[PDB]
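Asker: Pasting a structure below so you can have a look.
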Amino acid sequence: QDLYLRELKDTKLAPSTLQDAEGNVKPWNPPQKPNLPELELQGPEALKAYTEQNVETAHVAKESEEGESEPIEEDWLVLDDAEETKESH
Amino acid sequence: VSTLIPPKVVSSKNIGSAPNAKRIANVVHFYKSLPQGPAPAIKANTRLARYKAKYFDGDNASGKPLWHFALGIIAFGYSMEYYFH
């Protein structure tokens, strides 16, 4: 079918240099080889936080603090404070 | 930030303030307490204890001893009333 074959190879050759062959891109002047593979490759990184989220910075968990080894002052102070409130129950 | 511990601090002060003073006041008298009229000592004899038990006791507590004393003083004074006049 002449209505078929010629439109078929026209729709094949126009993106042939675009996609199949490495002839940059003929239909539109701006280059595509250094744009989507190269300039837009950082596109997700450009929209997002580059070198901050794509690297997935892992912060080591800070050591959970405690009474800081206070076996005398803390216990005595707690006992005294409870004694203060025990007279007013 | 932590759990203080009240529920076992009653050791230093017994619970309550006002009844604490009355606790020592009312716990000590129960030791040397008469069960039921211990050592009544209702019996005595010293030439006047019988009169005290019979008349000067709280059971009767009447005016009869006063009248008896008046009669006795009248009897005693009759003799010296005769002696004087």
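All residue names refer to the structure tokens as shown: chains lettered A, B, ... in order, residues numbered from 1 in each chain, ligands numbered from 1 in order.
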Within 12 Å of chain B, which residues belong to chain A? Use only C-alpha atoms and report them as a list in words.

Answerer: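 So the residues of chain A near chain B are residues 65, 66, 67, 74, 75, 76, 77, 78, 79, 80, 81, 82, 83, 84, 85, 86, 87, 88 and 89 of chain A.
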
Asker: As a PDB file with N, CA, C and O atoms, in the first residue's frame, which residues of chain B does DSSP assign to alpha helix (DSSP H)?

Answerer:
ATOM      1  N   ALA B  18      -0.419  15.865 112.851  1.00  0.00           N
ATOM      2  CA  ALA B  18      -1.091  16.083 114.131  1.00  0.00           C
ATOM      3  C   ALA B  18      -1.240  14.809 114.956  1.00  0.00           C
ATOM      4  O   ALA B  18      -0.911  14.840 116.155  1.00  0.00           O
ATOM      5  N   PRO B  19      -1.714  13.678 114.416  1.00  0.00           N
ATOM      6  CA  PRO B  19      -1.844  12.476 115.257  1.00  0.00           C
ATOM      7  C   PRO B  19      -0.516  11.845 115.643  1.00  0.00           C
ATOM      8  O   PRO B  19      -0.509  10.941 116.489  1.00  0.00           O
ATOM      9  N   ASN B  20       0.602  12.278 115.055  1.00  0.00           N
ATOM     10  CA  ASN B  20       1.897  11.733 115.449  1.00  0.00           C
ATOM     11  C   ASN B  20       2.212  12.053 116.904  1.00  0.00           C
ATOM     12  O   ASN B  20       2.739  11.205 117.634  1.00  0.00           O
ATOM     13  N   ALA B  21       1.902  13.276 117.343  1.00  0.00           N
ATOM     14  CA  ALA B  21       2.120  13.638 118.739  1.00  0.00           C
ATOM     15  C   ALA B  21       1.227  12.824 119.667  1.00  0.00           C
ATOM     16  O   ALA B  21       1.656  12.417 120.753  1.00  0.00           O
ATOM     17  N   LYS B  22      -0.020  12.579 119.258  1.00  0.00           N
ATOM     18  CA  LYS B  22      -0.941  11.812 120.088  1.00  0.00           C
ATOM     19  C   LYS B  22      -0.614  10.324 120.095  1.00  0.00           C
ATOM     20  O   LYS B  22      -1.022   9.619 121.023  1.00  0.00           O
ATOM     21  N   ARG B  23       0.108   9.832 119.087  1.00  0.00           N
ATOM     22  CA  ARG B  23       0.464   8.416 119.054  1.00  0.00           C
ATOM     23  C   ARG B  23       1.312   8.032 120.263  1.00  0.00           C
ATOM     24  O   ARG B  23       1.009   7.060 120.965  1.00  0.00           O
ATOM     25  N   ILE B  24       2.378   8.790 120.525  1.00  0.00           N
ATOM     26  CA  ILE B  24       3.222   8.497 121.679  1.00  0.00           C
ATOM     27  C   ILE B  24       2.474   8.786 122.975  1.00  0.00           C
ATOM     28  O   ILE B  24       2.709   8.135 124.001  1.00  0.00           O
ATOM     29  N   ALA B  25       1.558   9.756 122.952  1.00  0.00           N
ATOM     30  CA  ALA B  25       0.803  10.095 124.152  1.00  0.00           C
ATOM     31  C   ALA B  25      -0.190   9.011 124.545  1.00  0.00           C
ATOM     32  O   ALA B  25      -0.433   8.816 125.740  1.00  0.00           O
ATOM     33  N   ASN B  26      -0.771   8.302 123.573  1.00  0.00           N
ATOM     34  CA  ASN B  26      -1.786   7.303 123.872  1.00  0.00           C
ATOM     35  C   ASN B  26      -1.297   5.864 123.786  1.00  0.00           C
ATOM     36  O   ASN B  26      -2.028   4.961 124.206  1.00  0.00           O
ATOM     37  N   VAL B  27      -0.095   5.620 123.261  1.00  0.00           N
ATOM     38  CA  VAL B  27       0.384   4.244 123.175  1.00  0.00           C
ATOM     39  C   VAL B  27       1.080   3.826 124.468  1.00  0.00           C
ATOM     40  O   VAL B  27       1.134   2.636 124.796  1.00  0.00           O
ATOM     41  N   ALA B  49      -9.950   2.833 159.269  1.00  0.00           N
ATOM     42  CA  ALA B  49     -10.268   2.450 157.898  1.00  0.00           C
ATOM     43  C   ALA B  49     -11.662   1.850 157.785  1.00  0.00           C
ATOM     44  O   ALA B  49     -12.321   2.013 156.751  1.00  0.00           O
ATOM     45  N   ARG B  50     -12.124   1.149 158.824  1.00  0.00           N
ATOM     46  CA  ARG B  50     -13.469   0.586 158.793  1.00  0.00           C
ATOM     47  C   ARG B  50     -14.522   1.686 158.712  1.00  0.00           C
ATOM     48  O   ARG B  50     -15.506   1.560 157.974  1.00  0.00           O
ATOM     49  N   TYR B  51     -14.327   2.775 159.458  1.00  0.00           N
ATOM     50  CA  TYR B  51     -15.261   3.895 159.396  1.00  0.00           C
ATOM     51  C   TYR B  51     -15.264   4.528 158.011  1.00  0.00           C
ATOM     52  O   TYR B  51     -16.326   4.877 157.483  1.00  0.00           O
ATOM     53  N   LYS B  52     -14.083   4.679 157.408  1.00  0.00           N
ATOM     54  CA  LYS B  52     -13.997   5.239 156.063  1.00  0.00           C
ATOM     55  C   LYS B  52     -14.714   4.351 155.054  1.00  0.00           C
ATOM     56  O   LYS B  52     -15.429   4.842 154.173  1.00  0.00           O
ATOM     57  N   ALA B  53     -14.525   3.035 155.164  1.00  0.00           N
ATOM     58  CA  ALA B  53     -15.164   2.115 154.229  1.00  0.00           C
ATOM     59  C   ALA B  53     -16.678   2.108 154.400  1.00  0.00           C
ATOM     60  O   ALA B  53     -17.421   2.076 153.413  1.00  0.00           O
ATOM     61  N   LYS B  54     -17.156   2.133 155.647  1.00  0.00           N
ATOM     62  CA  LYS B  54     -18.593   2.033 155.883  1.00  0.00           C
ATOM     63  C   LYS B  54     -19.315   3.333 155.548  1.00  0.00           C
ATOM     64  O   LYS B  54     -20.397   3.309 154.948  1.00  0.00           O
ATOM     65  N   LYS B  64     -25.487  11.288 156.666  1.00  0.00           N
ATOM     66  CA  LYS B  64     -25.515  10.596 157.952  1.00  0.00           C
ATOM     67  C   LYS B  64     -24.228  10.736 158.759  1.00  0.00           C
ATOM     68  O   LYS B  64     -24.326  10.916 159.986  1.00  0.00           O
ATOM     69  N   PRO B  65     -23.021  10.633 158.180  1.00  0.00           N
ATOM     70  CA  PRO B  65     -21.815  10.825 159.007  1.00  0.00           C
ATOM     71  C   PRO B  65     -21.754  12.180 159.692  1.00  0.00           C
ATOM     72  O   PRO B  65     -21.265  12.269 160.824  1.00  0.00           O
ATOM     73  N   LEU B  66     -22.239  13.241 159.043  1.00  0.00           N
ATOM     74  CA  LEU B  66     -22.250  14.552 159.685  1.00  0.00           C
ATOM     75  C   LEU B  66     -23.172  14.563 160.899  1.00  0.00           C
ATOM     76  O   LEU B  66     -22.826  15.121 161.948  1.00  0.00           O
ATOM     77  N   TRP B  67     -24.351  13.949 160.777  1.00  0.00           N
ATOM     78  CA  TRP B  67     -25.268  13.868 161.909  1.00  0.00           C
ATOM     79  C   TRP B  67     -24.683  13.023 163.034  1.00  0.00           C
ATOM     80  O   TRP B  67     -24.851  13.349 164.216  1.00  0.00           O
ATOM     81  N   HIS B  68     -23.997  11.931 162.689  1.00  0.00           N
ATOM     82  CA  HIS B  68     -23.346  11.114 163.708  1.00  0.00           C
ATOM     83  C   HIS B  68     -22.247  11.895 164.418  1.00  0.00           C
ATOM     84  O   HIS B  68     -22.085  11.787 165.639  1.00  0.00           O
ATOM     85  N   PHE B  69     -21.477  12.685 163.666  1.00  0.00           N
ATOM     86  CA  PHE B  69     -20.452  13.529 164.272  1.00  0.00           C
ATOM     87  C   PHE B  69     -21.072  14.566 165.202  1.00  0.00           C
ATOM     88  O   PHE B  69     -20.536  14.845 166.281  1.00  0.00           O
ATOM     89  N   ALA B  70     -22.198  15.157 164.793  1.00  0.00           N
ATOM     90  CA  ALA B  70     -22.888  16.113 165.654  1.00  0.00           C
ATOM     91  C   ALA B  70     -23.377  15.449 166.936  1.00  0.00           C
ATOM     92  O   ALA B  70     -23.244  16.015 168.028  1.00  0.00           O
ATOM     93  N   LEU B  71     -23.942  14.246 166.826  1.00  0.00           N
ATOM     94  CA  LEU B  71     -24.384  13.528 168.018  1.00  0.00           C
ATOM     95  C   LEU B  71     -23.207  13.206 168.932  1.00  0.00           C
ATOM     96  O   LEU B  71     -23.307  13.330 170.159  1.00  0.00           O
ATOM     97  N   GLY B  72     -22.081  12.794 168.347  1.00  0.00           N
ATOM     98  CA  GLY B  72     -20.903  12.507 169.148  1.00  0.00           C
ATOM     99  C   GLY B  72     -20.367  13.732 169.864  1.00  0.00           C
ATOM    100  O   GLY B  72     -19.968  13.656 171.028  1.00  0.00           O
ATOM    101  N   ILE B  73     -20.347  14.878 169.179  1.00  0.00           N
ATOM    102  CA  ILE B  73     -19.850  16.093 169.819  1.00  0.00           C
ATOM    103  C   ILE B  73     -20.819  16.558 170.903  1.00  0.00           C
ATOM    104  O   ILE B  73     -20.396  17.093 171.933  1.00  0.00           O
ATOM    105  N   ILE B  74     -22.124  16.339 170.709  1.00  0.00           N
ATOM    106  CA  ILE B  74     -23.089  16.647 171.765  1.00  0.00           C
ATOM    107  C   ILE B  74     -22.833  15.775 172.989  1.00  0.00           C
ATOM    108  O   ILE B  74     -22.832  16.255 174.132  1.00  0.00           O
ATOM    109  N   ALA B  75     -22.619  14.476 172.764  1.00  0.00           N
ATOM    110  CA  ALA B  75     -22.360  13.566 173.877  1.00  0.00           C
ATOM    111  C   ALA B  75     -21.073  13.938 174.603  1.00  0.00           C
ATOM    112  O   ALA B  75     -21.013  13.893 175.838  1.00  0.00           O
ATOM    113  N   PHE B  76     -20.031  14.303 173.852  1.00  0.00           N
ATOM    114  CA  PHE B  76     -18.778  14.722 174.471  1.00  0.00           C
ATOM    115  C   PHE B  76     -18.953  16.014 175.259  1.00  0.00           C
ATOM    116  O   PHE B  76     -18.398  16.163 176.355  1.00  0.00           O
ATOM    117  N   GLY B  77     -19.725  16.962 174.721  1.00  0.00           N
ATOM    118  CA  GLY B  77     -19.870  18.255 175.361  1.00  0.00           C
ATOM    119  C   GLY B  77     -20.848  18.294 176.510  1.00  0.00           C
ATOM    120  O   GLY B  77     -20.834  19.259 177.279  1.00  0.00           O
ATOM    121  N   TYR B  78     -21.700  17.274 176.643  1.00  0.00           N
ATOM    122  CA  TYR B  78     -22.621  17.232 177.776  1.00  0.00           C
ATOM    123  C   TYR B  78     -21.868  17.204 179.103  1.00  0.00           C
ATOM    124  O   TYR B  78     -22.256  17.883 180.064  1.00  0.00           O
ATOM    125  N   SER B  79     -20.780  16.432 179.168  1.00  0.00           N
ATOM    126  CA  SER B  79     -20.026  16.305 180.412  1.00  0.00           C
ATOM    127  C   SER B  79     -19.436  17.643 180.844  1.00  0.00           C
ATOM    128  O   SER B  79     -19.561  18.044 182.006  1.00  0.00           O
ATOM    129  N   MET B  80     -18.796  18.362 179.918  1.00  0.00           N
ATOM    130  CA  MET B  80     -18.194  19.636 180.299  1.00  0.00           C
ATOM    131  C   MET B  80     -19.226  20.754 180.395  1.00  0.00           C
ATOM    132  O   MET B  80     -18.964  21.776 181.039  1.00  0.00           O
ATOM    133  N   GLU B  81     -20.405  20.580 179.791  1.00  0.00           N
ATOM    134  CA  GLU B  81     -21.514  21.481 180.088  1.00  0.00           C
ATOM    135  C   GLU B  81     -21.958  21.327 181.535  1.00  0.00           C
ATOM    136  O   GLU B  81     -22.242  22.319 182.218  1.00  0.00           O
ATOM    137  N   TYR B  82     -22.028  20.083 182.018  1.00  0.00           N
ATOM    138  CA  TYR B  82     -22.294  19.862 183.437  1.00  0.00           C
ATOM    139  C   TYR B  82     -21.167  20.410 184.305  1.00  0.00           C
ATOM    140  O   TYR B  82     -21.420  21.001 185.362  1.00  0.00           O
ATOM    141  N   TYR B  83     -19.916  20.214 183.879  1.00  0.00           N
ATOM    142  CA  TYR B  83     -18.778  20.667 184.674  1.00  0.00           C
ATOM    143  C   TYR B  83     -18.753  22.185 184.805  1.00  0.00           C
ATOM    144  O   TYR B  83     -18.505  22.716 185.894  1.00  0.00           O
ATOM    145  N   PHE B  84     -19.006  22.902 183.709  1.00  0.00           N
ATOM    146  CA  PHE B  84     -18.947  24.360 183.742  1.00  0.00           C
ATOM    147  C   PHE B  84     -20.207  24.951 184.367  1.00  0.00           C
ATOM    148  O   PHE B  84     -20.134  25.697 185.350  1.00  0.00           O
TER     149      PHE B  84
END

Asker: Could you tell me how far atom CA of residue 55 of chain A lies from atom CA of residue 33 of chain A, in Å and to one decimal?

Answerer: 25.8 Å
